[PDB]
Trainee: 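If you scroll down you'll find the structure; I have some questions about it.
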Amino acid sequence: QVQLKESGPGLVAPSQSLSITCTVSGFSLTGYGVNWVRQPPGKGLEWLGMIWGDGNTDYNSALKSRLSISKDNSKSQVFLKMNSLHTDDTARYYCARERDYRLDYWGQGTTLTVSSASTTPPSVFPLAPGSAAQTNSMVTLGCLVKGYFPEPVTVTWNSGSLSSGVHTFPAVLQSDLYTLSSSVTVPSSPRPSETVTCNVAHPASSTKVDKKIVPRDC
Amino acid sequence: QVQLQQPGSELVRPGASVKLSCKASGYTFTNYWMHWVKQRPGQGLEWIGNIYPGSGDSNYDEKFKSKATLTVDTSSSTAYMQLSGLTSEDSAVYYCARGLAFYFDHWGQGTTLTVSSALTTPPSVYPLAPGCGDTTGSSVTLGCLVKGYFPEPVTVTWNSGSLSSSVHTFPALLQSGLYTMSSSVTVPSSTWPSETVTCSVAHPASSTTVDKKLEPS
Amino acid sequence: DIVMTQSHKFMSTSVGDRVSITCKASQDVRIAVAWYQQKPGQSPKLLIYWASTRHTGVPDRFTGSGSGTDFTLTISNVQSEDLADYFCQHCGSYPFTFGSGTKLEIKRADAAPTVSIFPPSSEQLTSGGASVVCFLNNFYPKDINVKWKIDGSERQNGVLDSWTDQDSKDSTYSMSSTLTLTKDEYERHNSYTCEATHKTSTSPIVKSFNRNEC
Amino acid sequence: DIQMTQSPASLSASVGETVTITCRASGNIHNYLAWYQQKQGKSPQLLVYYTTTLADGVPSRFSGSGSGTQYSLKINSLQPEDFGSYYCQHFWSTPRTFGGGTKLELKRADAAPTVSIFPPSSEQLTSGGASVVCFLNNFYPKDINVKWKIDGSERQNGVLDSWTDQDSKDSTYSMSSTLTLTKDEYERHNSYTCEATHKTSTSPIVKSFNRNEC
């Protein structure tokens with residue numbers, strides 16, 4: 001019911017400006033403050049600033065010159081604007097509701113990649129075993145999601161109906177392109193007899209790839 | 001359910017110490033801060049300090065740093081505040097209150113602490129009947145003068161408790177290091193003197209219970 | 001230190017009105033303010049916290065407002081039983097400071113005191129004192145004046161006045177005036193008068209007695 | 001600005017243990033401190049507020065304490081669910097500040113990887129790519145070694161590895177290894193090998209495949 005949802009561009013080139021909106025629901029911006037927090041990949045949480053119920057705003061000492069926070073009580077929106085980005089501004093951005101000196105509801109966050117590189121859809125390939133494999137009680141299948149940009153990508157199995165024994169591995173960046181993989185382990189009763197599909201989505205591209213893990217019949 | 005039991009009064013002598021208590025009930029004693037607040041006679045509130053039962057962390061107003069010491073007894077769910085070197089200006093109502101670190105949602109009753117060199121004395125109760133020079137209407141006002149007692153308090157009840165028919169108790173005042181207080185009941189002249197009116201004054205501090213039936217003239 | 005200032009010590013309202021008690025903080029304290037009620041001869045109770053979050057069981061007549069330096073507690077449809085003292089508390093930093101308190105006085109029609117003078121009791125005199133008492137009961141407003149004239153001599157000495165808190169039952173005020181003399185002082189006189197001056201009369205209400213009329 | 005210093009940066013602890021995370025403020029923060037738990041790329045979750053107050057549905061084994069500038073969070077009797085990072089944050093003035101975080105890992109018995117080597121799929125071959133993928137799943141501890149052997153010859157290029165956070169259920173780790181070649185480079189050889197070197201063994205967990213078989 002209480003929900004905070006952030007929305008931003010995903011990729012911006014260095015030296016440009018960024019604008020992220022936080023759309024809130026289930027509470028009114030006149031009784032709560034909304035704080036902005038950012039998380040660089042593999043780092044800690046960094047407080048950006050805040051807007052209080054009464055419209056007063058507070059900013060991080062170091063970003064005071066590039067940052068601006070504001071809201072629209074009527075529209076249930078809080079806005080963050082950061083001028084002159086650098087690559088170092090690459091982080092996951094969050095908006096969080098402050099209810100009486102505690103952040104109780106946090107948004108899911110929005111990844112922001114500061115780069116000159118460009119959107120590239122992923123190339124999805126099935127990872128099927130070999131004849132050797134059906135002799136064990138369980139089999140491991142997989143999906144390669146090669147050469148995409150920027151992050152993130154959402155990998156799912158059997159449209160989410162396959163959640164057990166799924167390992168999705170974090171993306172690695174080779175040369176301005178990301179490669180990700182996921183494995184699912186299923187009982188040999190099911191595959192090949194039953195279909196196993198790997199649904200891969202890359203938002204930044206309007207790419208929605210579905211791949212059927214078919215046995216390498218050779 | 002949440003009960004904060006504090007003793008009613010304490011009488012101590014100048015330069016002494018006292019260890020006020022607060023026995024808690026109906027809640028996990030160790031999960032809420034315990035606060036101590038002073039209230040001087042018909043004045044403002046003053047926050048002394050807070051203590052977290054669970055860890056023993058405490059915060060004090062520096063004004064009370066050398067005078068107040070907060071302590072806890074996990075085993076009995078009792079909070080204590082010990083005051084040291086009482087002077088007369090330390091007399092007041094000391095309340096305990098539990099809460100979160102910043103606001104208090106349940107208060108105890110309060111312990112009124114009197115710091116005095118005064119001697120526990122019983123009260124002299126004198127009835128006040130309308131004197132000679134009469135002009136009785138349909139109503140009569142009677143009273144009881146309660147004086148020279150110490151320490152406070154006294155409980156003046158009017159006749160069999162029944163007489164609450166416009167009773168008026170006035171606050172006691174210190175006169176020469178002793179209290180004096182009065183109580184008045186207004187009743188229909190169709191009842192006194194035709195029927196008995198007695199004010200009964202009780203002084204716990206010295207166990208004294210006095211009865212005064214009001215007589216005419 | 002943060003000083004929480006409640007500028008009005010009293011607030012007159014009629015049962016049914018809307019009253020608003022303001023509290024002003026010496027600096028921005030964002031929303032770190034609480035409100036307590038203290039009904040006479042009882043411990044304060046929590047009404048509001050974090051400047052406007054009403055606490056369990058506080059009737060919604062009570063509402064809190066403010067962010068900054070100016071806080072307000074608003075009682076809508078003031079009941080008689082809201083007759084009490086109201087304090088604002090600051091929670092921003094240690095030590096917590098409180099506002100002076102604001103007593104809520106319930107508005108009533110004027111009422112003139114019913115005065116009664118009482119001679120020193122027979123029993124008291126035997127043991128050498130002489131307390132002449134005077135009850136000025138059940139009036140309104142609370143502004144009343146008293147003076148003791150012993151044989152024309154206005155004796156304003158050895159006089160103790162003791163005021164009652166506004167009654168719940170009729171929003172009036174009552175008071176006692178005691179002139180404590182030593183038996184000899186008393187014996188050396190006859191006229192004893194209790195003169196009270198209240199807006200209900202242009203006439204000082206005078207109750208008197210003469211030592212020998214008995 | 002009040003700076004927050006969290007210590008230690010990491011902790012390894014077994015189920016049932018007691019963990020102490022510390023947070024020091026550069027100025028008194030008067031008990032305005034919060035603690036958050038953060039699981040792998042999910043939004044931080046409030047654990048404790050106002051130094052000692054547990055958020056709804058947070059278990060009693062979490063316990064915060066402190067005053068002034070010294071504060072602590074203790075997890076008594078750790079549960080597998082407790083892995084992740086923890087952060088403290090002051091709420092006393094602006095700018096607010098987060099401590100640097102503490103990464104807590106649960107210790108468990110050693111467990112060896114279950115390996116799977118995958119040949120490049122037709123689709124990639126067509127593209128002119130040849131990615132050999134090897135998964136080493138459900139091993140504890142985190143340190144594992146992977147030698148890539150193309151016709152007995154160890155490769156030290158075009159290999160990407162990526163680990164998983166700890167697994168919520170069995171507290172295990174998993175990893176991927178991807179060797180990418182050009183289709184021709186690939187067709188130019190026949191034995192492709194993935195050799196896991198892990199503490200649980202003295203002899204490498206090897207998995208191999210041959211270019212023309214299924």
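Just so you know, these numbers use all the heavy atoms, side chains as well, and skip hydrogens, waters and symmetry mates. Residue numbering restarts at 1 for every chain, and letters A, B, ... go by the order of the sequence lines.
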Trainee: Go through the atoms of D:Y50 and report whether side chain, backbone, both or neither lie under 4.5 Å from a heavy atom of chain A.
Mentor: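 Side chain of D:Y50 only, per the 4.5 Å heavy-atom cut-off to chain A.
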
Trainee: Between A:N35 and chain D, with a heavy-atom cut-off of 4.5 Å, which part of the residue counts as in contact: side chain, backbone, both or neither?
Mentor: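 For A:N35, the contact with chain D is made by the side chain alone.
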
Trainee: Side chain, backbone, both or neither: which part of D:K169 has a non-hydrogen atom closer than 4.5 Å to chain A?
Mentor: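 Neither part; nothing is under 4.5 Å.
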
Trainee: For A:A133, which atoms come within 4.5 Å of any heavy atom of chain D: side chain, backbone, both, or neither?
Mentor: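 Neither part.
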
Trainee: Please state whether the side chain, the backbone, both or neither of A:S123 comes within less than 4.5 Å of a heavy atom of chain D.
Mentor: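 It is neither, since no heavy atom gets under 4.5 Å.
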
Trainee: Using a heavy-atom distance cut-off of less than 4.5 Å, which residues of residues 210-218 of chain A contact chain D?
Mentor: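 Against chain D, the residues of residues 210-218 of chain A that fall inside the cut-off (heavy atoms, under 4.5 Å) are A:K211, A:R216, A:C218.
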
Trainee: Under 4.0 Å between a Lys/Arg side-chain N and an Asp/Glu carboxylate O for A:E46 and A:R38?
Mentor: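 A:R38 and A:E46: salt-bridged.
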
Trainee: Answer with side chain, backbone, both or neither: which region of D:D167 has an atom nearer than 4.5 Å to a non-hydrogen atom of chain A?
Mentor: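 Looking at D:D167, nothing touches chain A.
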
Trainee: Need one label for D:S122: side chain, backbone, both or neither, based on atoms under 4.5 Å from any heavy atom in chain A.
Mentor: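 Contact with chain A is absent: no heavy atom of D:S122 under 4.5 Å.
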
Trainee: May I ask you to establish whether D:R211 and D:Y186 are in a cation-pi arrangement, using a distance under 6.0 Å from NZ or CZ to the six-membered ring centre and at most 45° from the ring axis?
Mentor: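 Here D:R211 passes the 6.0 Å and 45° test against D:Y186.
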
Trainee: Tell me, for D:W163 versus chain A, whether the close heavy atoms (under 4.5 Å) come from the side chain, the backbone, both or neither.
Mentor: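 The backbone, not the side chain.
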
Trainee: Please classify the contact between A:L127 and chain D as side chain, backbone, both or neither, with a heavy-atom cut-off of under 4.5 Å.
Mentor: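 The answer is both parts of A:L127.
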
Trainee: Do you know the tightest heavy-atom contact between A:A171 and A:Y148?
Mentor: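 Smallest interatomic distance, heavy atoms only, reads CB-OH, 3.2 Å.
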
Trainee: Which answer fits D:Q6, side chain, backbone, both or neither, if we ask what part of it has an atom under 4.5 Å from a heavy atom of chain A?
Mentor: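 No part of it gets close to chain A.
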
Trainee: Under a 4.5 Å heavy-atom cut-off, does chain A meet the side chain of D:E213, its backbone, both or neither?
Mentor: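 Contact with chain A involves the backbone of D:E213 alone.
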
Trainee: Ion pair present between D:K142 and D:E105, side-chain N to carboxylate O less than 4.0 angstrom?
Mentor: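 The answer is no: the pair does not qualify as a salt bridge.
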
Trainee: Is any side-chain N of the basic residue among D:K39 and D:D165 closer than 4.0 Å to the acidic one's carboxylate O?
Mentor: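 A salt bridge is absent here (no side-chain N lies under 4.0 Å from a carboxylate O).
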
Trainee: Using a 6.0 Å distance limit plus a 45 degree cone around the ring axis, check whether A:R97 lies over the aromatic ring of A:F27.
Mentor: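 Ring-cation test returns yes.
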
Trainee: To the nearest 0.5 Å, tell me how far D:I21 CD1 sits from D:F62 CZ.
Mentor: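 Rounded to the nearest 0.5 Å, the CD1-CZ separation comes to 8.0 Å.
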
Trainee: Non-hydrogen atoms of chain A under 4.5 Å away: do they reach the side chain of D:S85, the backbone, both or neither?
Mentor: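 For D:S85, there is no contact with chain A at all, as no heavy atom is under 4.5 Å.
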
Trainee: Using the side chain to side chain donor-acceptor pair (under 3.5 Å) definition, which of the options A:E6, A:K5, A:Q77 pairs with A:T23?
Mentor: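 Of the listed options, the one satisfying the test is A:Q77.
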
